[PDB]
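Reviewing the structure listed below.
Read the figures in this text as sums done on the coordinates, not as results from a lab. Here the Cβ positions follow ideal geometry from the backbone for every residue, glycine too, while neighbour counts run over all protein chains shown.
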Amino acid sequence: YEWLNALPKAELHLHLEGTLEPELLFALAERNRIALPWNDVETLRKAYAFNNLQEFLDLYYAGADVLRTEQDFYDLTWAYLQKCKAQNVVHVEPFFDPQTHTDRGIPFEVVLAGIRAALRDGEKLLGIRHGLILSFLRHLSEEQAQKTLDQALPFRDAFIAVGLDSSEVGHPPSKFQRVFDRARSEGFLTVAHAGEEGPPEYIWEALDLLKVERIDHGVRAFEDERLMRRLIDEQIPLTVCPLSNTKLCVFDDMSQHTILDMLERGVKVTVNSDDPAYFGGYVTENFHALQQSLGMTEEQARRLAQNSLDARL
Ligand code: HPA
Ligand SMILES: [Zn+2]
């Protein structure tokens, strides 16, 4: 663990909203004078049992209620950056879901201000390079995403890319082809969630329609040999999230996970925590799980860590 924790890493698949520790949620609710449904930290913490992606999302979005002021968004981001320092993550390219907040009345400028301020401290104080990624909510309409992109334009230099998260199944990448087209035209790089719960086809769509630079999750690509051969050949990065896949039942067990298999075949896989506050582990806890349940070696450890550095945008 300590050896794993000492490795220099880059986290390329992480939702800032998914770093909302139960404790923080309660503290922010207190500061905002919000009455929580949950009786105590422990009660919220045991609500963290998921049968699938959606059950997690429902709670995930619920917690986002406490995020209301700039200082809120700073605290959220700064807390995570401190974890990064602790676990020697030297570079971050995090997600956030502006719609989750803007649809709640919180000004776009307020959300960005808080996060940006934290990112600034992260680099000058902690020496952590950042690349903010704006993610669209895929269960919502492409029109709603277009309206979000319009908000983002004056801010565009604050984002290295646009992403796509939320309920995958039934909301294929193609649904957002237009806004992604416009995003790139406006100077955004692109990434996307594909093949978490969705089929290999969704991954092809991400690659060819949304023209992403990397696939987020992408584990279901294992079902498609033709796709696998492309991945290996094009060295397109995959931001794999071990604990997330386990907690969401993508794999019935960590021993079932295919990330090492992919690694040995030549796929540019990386290790990420995704939604750490919800899956009970940050990036180091993810590396560790691979070691305990898959007998991962230091050898493959150095390699995964390196890929994450290489796959920086
Ligand atoms: O990992 C994820 N998958 C889909 N939607 C999400 N919203 C936060 N994390 C995720
Ligand atoms: Zn994710």
The one condition in (1) of a type in the set (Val, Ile, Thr); (2) within 29 Å of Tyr278 (Cα to Cα); (3) more than 14 Å from ligand 1 (Cβ to nearest atom); (4) out of contact with any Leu (no Cβ under 6 Å at 6 or more places or on another chain) that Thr190 fails to fulfil:
(4)
Any hit, the range 182-196, residues being more than 22 Å from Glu143 (Cα to Cα) and not acidic (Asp, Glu)
yes
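For (1) within 16 Å of ligand 2 (Cβ to nearest atom); (2) more than 16 Å from the chain's Cα centre (by Cα), each residue gets a yes or a no:
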| site | (1), (2) |
| --- | --- |
| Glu201 | no, yes |
| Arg220 | yes, yes |
| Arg229 | no, yes |
| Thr239 | yes, no |
| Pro242 | yes, no |
| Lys247 | yes, no |
| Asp252 | no, yes |
| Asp275 | yes, no |
| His288 | no, yes |
So if I check each of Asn88, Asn32, which one is touching a strand residue (DSSP E or B) at 6+ places or on another chain (Cβ under 7 Å) and polar (S, T, N, Q)?
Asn88
When you scan the range 160-175, do you find a residue that is surrounded by 21 or more Cβ atoms within 10 Å (Cβ to Cβ), free of Cβ contacts under 8 Å to residues at least 40 places away in the same chain, closer than 15 Å to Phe95 by Cβ and not charged (D, E, K, R), even just one?
yes
With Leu25, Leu53 as the choices, which residue is buried (at least 20 other Cβ atoms within 10 Å of the Cβ), under 30 Å from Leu126 (Cα atoms) and of a type outside the set (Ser, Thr, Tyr)?
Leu25
Being without any contact (Cβ under 8 Å) to a residue 40 or more places away in the chain and surrounded by fewer than 15 Cβ atoms within 10 Å (Cβ to Cβ) is the filter here, so list the residues in the range 290-304 that pass it.
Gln292, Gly295, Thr297, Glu299
Give the residues of the range 155-196 that are closer than 24 Å to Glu223 by Cβ and over 15 Å from the mean Cα position of the chain (by Cα), sorted by residue number.
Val169, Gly170, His171, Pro172, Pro173, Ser174, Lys175, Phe176, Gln177
In the range 138-175, how many residues are in contact with a strand residue (DSSP E or B) (Cβ under 7 Å, 6 or more places away or on another chain), within 16 Å of ligand 2 (Cβ to nearest atom) and not β-branched (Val, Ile, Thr)?
8
Taking the range 1-46 as the region of interest, how many residues are more than 20 Å from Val92 (Cα to Cα), hydrophobic (A, V, I, L, M, F, W, C) and away from ligand 1 (no atom under 16 Å from the Cβ)?
12
I'd like the full set of residues that are surrounded by 17 or more Cβ atoms within 10 Å (Cβ to Cβ) and either among the aromatic types (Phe, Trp, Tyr) or within 16 Å of ligand 2 (Cβ to nearest atom) (or both), limited to the range 28-50.
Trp38, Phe50
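Within the range 84-112, track down each residue that is of a type in the set (S, T, N, Q) and assigned to a helix (DSSP H, G or I).
Passing the criteria: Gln99, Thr100, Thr102.
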Any idea how many residues of the range 216-241 are buried (at least 23 other Cβ atoms within 10 Å of the Cβ) and more than 12 Å from ligand 1 (Cβ to nearest atom)?
4
When you scan the range 61-75, do you find a residue that is within 25 Å of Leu243 (Cβ to Cβ), surrounded by fewer than 20 Cβ atoms within 10 Å (Cβ to Cβ) and touching a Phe, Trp or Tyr at 6+ places or on another chain (Cβ under 9 Å), even just one?
no
Restricting the search to the range 242-275, which residues are within 16 Å of ligand 1 (Cβ to nearest atom), at negative phi and either touching a residue at least 60 places away in the same chain (Cβ under 8 Å) or hydrophobic (A, V, I, L, M, F, W, C) (or both)?
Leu243, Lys247, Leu248, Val250, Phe251, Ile259, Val269, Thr270, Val271, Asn272, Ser273, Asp275
Out of curiosity, is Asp58 surrounded by fewer than 17 Cβ atoms within 10 Å (Cβ to Cβ) and within 16 Å of ligand 2 (Cβ to nearest atom)?
yes
